[PDB]
Ligand SMILES: CCCCCCCC/C=C/CCCCCCCC(=O)OC[C@H](O)CO
Ligand SMILES: CCCCCCCC/C=C/CCCCCCCC(=O)O
Ligand SMILES: CCCCCCCC/C=C/CCCCCCCC(=O)O
Ligand code: NA
Ligand code: NA
Ligand code: NA
């Protein structure tokens with residue numbers, strides 16, 4: 002079942018990527034960069050999850066699905082880039098703020114991998130550092146990055162706020178599931194965690210970009 | 746023999762690098778970025794192949810020359826950057842298209858490495874995904890990237906087209922040799938593959954940049 | 389003792405990061421990019437050294453202990469330090485990102501050769517070490533040659549500050565391959581504990597000290 006779920010995931014990622022490609026051909030004032038980011042996220046995630054489907058992207062240690070970290074270390078910084086460029090749409094870019102989010106995010110995913118390879122107090126030190134990185138990402142998202150969105154007018158700021166809440170709601174689920182599941186306290190069963198880390202990312206990767214791109218395209222007319 | 750061939754390769758990479766450095770000192774209207782890229786490619790490849798020469802960049806699994814993938818994951822994106830900047834010479838840059846090629850290319854090399862670590866059907870799934878990435882790179886090369894080159898005038902577009910054909914002809918040999926050799930069907934012997942992955946990259950890395958830089962330098966007024 | 393020294397280091401990195409964050413809030417004409425670089429360096433190093441303190445960022449190999457977390461640190465922190473140095477030289481003028489990325493490429497290569505040298509035995513070890521030393525020499529040639537000429541093109545006051553920071557960095561950086569060669573990774577003349585203290589104290593000056601001096605000099609160029 003776990004294999005088939007991962008094949009299904011990879012197929013949905015492929016369909017999302019093709020959809021973003023088709024949108025890219027009639028862009029409606031959205032720059033090519035935002036379509037490229039929207040395509041890379043699902044294609045990379047699809048490849049990583051394909052490796053799990055084939056029985057390759059995991060080892061016994063508990064089962065570490067290390068292919069999830071290979072996925073997230075690329076897909077999650079690109080999602081924050083997508084979010085930052087939404088805030089900056091129609092105005093001057095702040096690439097310093099964007100790379101701040103990328104750095105916090107890459108650190109966050111690495112702490113998750115290290116936490117998974119750790120035992121006891123050490124595991125929760127790494128987990129805690131990752132949670133602190135996420136909190137700072139959310140502070141940037143609803144603080145300075147939202148103020149950039151407000152500077153780009155009512156309609157953009159409304160769209161940004163919707164996508165920021167969408168992303169934030171989904172992202173806080175990941176460390177929650179991780180702590181509850183086999184990598185953490187072991188309250189939730191492996192199969193439950195597998196379904197959560199199939200369904201969440203479908204919304205985090207394809208859903209997010211459908212909402213993000215549709216809202217930006219609508220600003221054209 | 747395999748060790749000595751890799752020492753030879755690394756020496757040729759060093760000579761290429763020094764040649765590009767000397768050209769960089771009298772640049773003839775070619776930006777410093779294109780000289781930097783031309784130098785990094787052979788120096789990085791030379792270091793990776795030095796590790797094989799020293800008996801370090803390989804393990805038994807059949808022999809996986811993993812240092813080739815360490816080489817290509819850096820050298821091949823830089824070659825496509827060189828190709829993209831050639832198309833954009835004298836005009837506005839399209840870094841979105843450039844990073845599209847980089848992303849496709851890094852994926853391509855990773856699928857190769859995973860294919861090498863895989864057995865049976867799994868191996869050919871990864872190989873096929875890599876080949877699909879290469880096809881998209883070639884579609885971009887002869888489609889949108891070539892239209893950028895045409896927008897920069899007859900002489901630039903003529904040079905771009907020659908370099909694009911040069912690169913494309915060499916690059917399709919890599920997945921061909923891979924499939925024929927020990928990582929794939931195992932029709933070609935290890936030593937045969939070693940010579941192919943010595944001679945191809947000499948043309949792919951030093952040859953390519955000699956041709957690319959010479960054509961760009963020739964566009965120079967005064 | 390080794391564990392406690394690493395906890396201490398990580399705490400000092402955290403304090404440096406906080407100081408640079410506070411400076412960033414009253415920037416005095418220094419772009420946000422230079423404050424971000426100044427913060428990432430110590431935070432990343434602090435994380436890497438935290439892993440050593442927890443007993444994780446090290447393994448036994450050739451009977452010696454390889455502190456592999458040091459290379460994970462340096463491969464990110466050292467290119468960012470040269471970026472900080474290059475942006476100092478370019479302060480008030482046109483950026484040369486080609487020269488900046490030249491330093492980044494040399495530097496990443498340098499750290500990788502160090503790691504490979506540490507995993508190597510005999511002549512092979514010293515081939516890798518030598519390639520890293522050649523990379524450092526070229527970095528220092530760029531630092532005092534073309535990069536210094538960019539700094540001089542940005543006027544007396546900037547060039548004076550650049551030269552001070554270039555000497556500061558260069559003096560500290562030549563110590564790393566010197567300690568490496570003397571210590572357990574090289575000739576084994578210096579003891580593990582001695583090397584540990586050197587690779588605690590040097591980086592405190594290389595990462596926090598450097599950026600205090602660098603940022604203070606740039607901030608002082610500001611009028612208000
Ligand atoms: C194993 C492989 C590891 C790979 C290692 C990766 C190295 C990470 C650092 C990169 C250099 C950072 C470069 C900084 C970019 C230039 C900044 C710039 O342009 O600044 C503009 C201005 O200052 C704003 O106002
Ligand atoms: C593990 C794989 C990591 C791959 C990293 C990528 C390798 C480095 C190549 C980057 C592409 C270079 C792009 C240069 C842009 C030049 C644009 C300009 O000159 O304005
Ligand atoms: C592992 C070693 C390789 C690491 C990356 C090396 C980067 C090589 C390519 C960089 C090209 C950057 C050129 C930027 C051009 C901008 C124009 C300028 O200001 O000079
Ligand atoms: Na966006
Ligand atoms: Na070129
Ligand atoms: Na600086």
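Chains as they are written, first to last, in this note's numbering: chain A, 2 to 222; chain B, 746 to 967; chain C, 389 to 612. Don't be surprised by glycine CBs; every beta carbon is placed ideally from N, CA and C.
{"query": "Residue-level contact to chain A via CB, residue 845 of chain B, 9 Å cutoff", "result": "yes"}
{"query": "Near-chain C residues of the stretch 67 to 96 of chain A - C-beta to any C-beta below 7 Å", "result": "none"}
{"query": "Straight-line gap, residue 118 of chain A to residue 109 of chain A (C-alpha atoms, nearest Å)", "result": "15 Å"}
{"query": "Through-space distance from residue 837 of chain B to residue 154 of chain A, alpha-carbon basis", "result": "29 Å"}
{"query": "Three or more C-beta pairs below 8 Å linking the stretch 461 to 475 of chain C and the stretch 506 to 525 of chain C", "result": "no"}
{"query": "Classification of residue 697 of chain B by the beta-carbon crowding that lies within 10 angstroms, buried from 16 upward", "result": "With chain B running from 746 to 967 in the structure shown, residue 697 of chain B is simply not present."}
{"query": "Buried versus exposed, by CB contacts within 10 Å (16 or more), residue 473 of chain C", "result": "buried"}
{"query": "Close-in-space but distant-in-sequence residues of the same chain around residue 3 of chain A (CB under 6 Å, 5 per side omitted)", "result": "195"}
{"query": "Alpha carbon of residue 881 of chain B to alpha carbon of residue 851 of chain B, nearest angstrom", "result": "13 Å"}
{"query": "Beta carbon of residue 860 of chain B nearer than 9 Å to that of residue 923 of chain B", "result": "yes"}
{"query": "Beta-carbon gap between residue 798 of chain B and residue 754 of chain B smaller than 9 Å", "result": "yes"}
{"query": "Contact the stretch 61 to 72 of chain A vs the stretch 30 to 50 of chain A: 3+ CB pairs below 8 Å", "result": "yes"}
{"query": "For residue 87 of chain A, the first and last residue of its enclosing alpha helix (DSSP H)", "result": "68 to 88"}
{"query": "Below-9 Å beta-carbon distance, residue 777 of chain B vs any chain C residue", "result": "yes"}
{"query": "9 Å Cβ cut-off: residues of chain C touching residue 781 of chain B", "result": "486, 487, 489, 490 and 493"}
{"query": "Nearest neighbour of residue 596 of chain C, chosen from C:537, C:528, C:491 and C:426 [CA to CA]", "result": "C:426"}
{"query": "Beta-carbon proximity list for residue 552 of chain C, same chain, < 8 Å, skipping 5 on both sides", "result": "601 and 605"}
{"query": "Helix, strand or coil at residue 449 of chain C [DSSP, three-state]", "result": "strand"}
{"query": "Per-residue burial, residue 111 of chain A [other beta carbons within 10 Å of its own, 16 or more giving buried]", "result": "buried"}
{"query": "Backbone CA spacing between residue 810 of chain B and residue 802 of chain B [nearest angstrom]", "result": "6 Å"}
{"query": "Residue-chain proximity (residue 567 of chain C, chain A), Cβ-Cβ < 9 Å", "result": "no"}
{"query": "Residues near residue 258 of chain A in its chain [Cβ-Cβ closer than 6 Å; skip 5 each side]", "result": "Not covered by the structure: residue 258 of chain A. The range shown for chain A is 2 to 222."}
{"query": "Span of the alpha helix (DSSP H) around residue 391 of chain C", "result": "390 to 413"}
{"query": "Under 8 Å by beta carbon: chain A residues contacting residue 867 of chain B", "result": "55 and 57"}
{"query": "9 Å Cβ cutoff, residue 63 of chain A in contact with chain C", "result": "no"}
{"query": "Nearest neighbour of residue 865 of chain B, chosen from B:931, B:841, B:883 and B:843 [CA to CA]", "result": "B:931"}
{"query": "Neighbour list for residue 870 of chain B in chain A, Cβ cutoff strictly below 9 Å", "result": "51 and 55"}
{"query": "Residue 513 of chain C, enclosing alpha helix (DSSP H) - first and last residue", "result": "511 to 532"}
{"query": "Of the residues C:578, C:447 and C:556, the one placed nearest residue 566 of chain C, counting alpha carbons only", "result": "C:578"}
{"query": "Continuous alpha helix (DSSP H) stretch holding residue 785 of chain B: start and end", "result": "777 to 798"}
{"query": "Residue 807 of chain B burial status per 10 Å Cβ neighbour count (16 or more: buried)", "result": "exposed"}
{"query": "Residue from B:774, B:947 and B:785 whose Cα sits closest to the Cα of residue 911 of chain B", "result": "B:947"}
{"query": "First through last residue of the alpha helix (DSSP H) which encompasses residue 200 of chain A", "result": "191 to 202"}
{"query": "Residue 160 of chain A: first and last residue of the uninterrupted alpha helix (DSSP H) it sits in", "result": "155 to 181"}
{"query": "Closer than 8 Å: residue 878 of chain B CB and nearest ligand 1 heavy atom", "result": "no"}
{"query": "Proximity test, Cβ basis, 9 Å: residue 788 of chain B and chain C", "result": "yes"}
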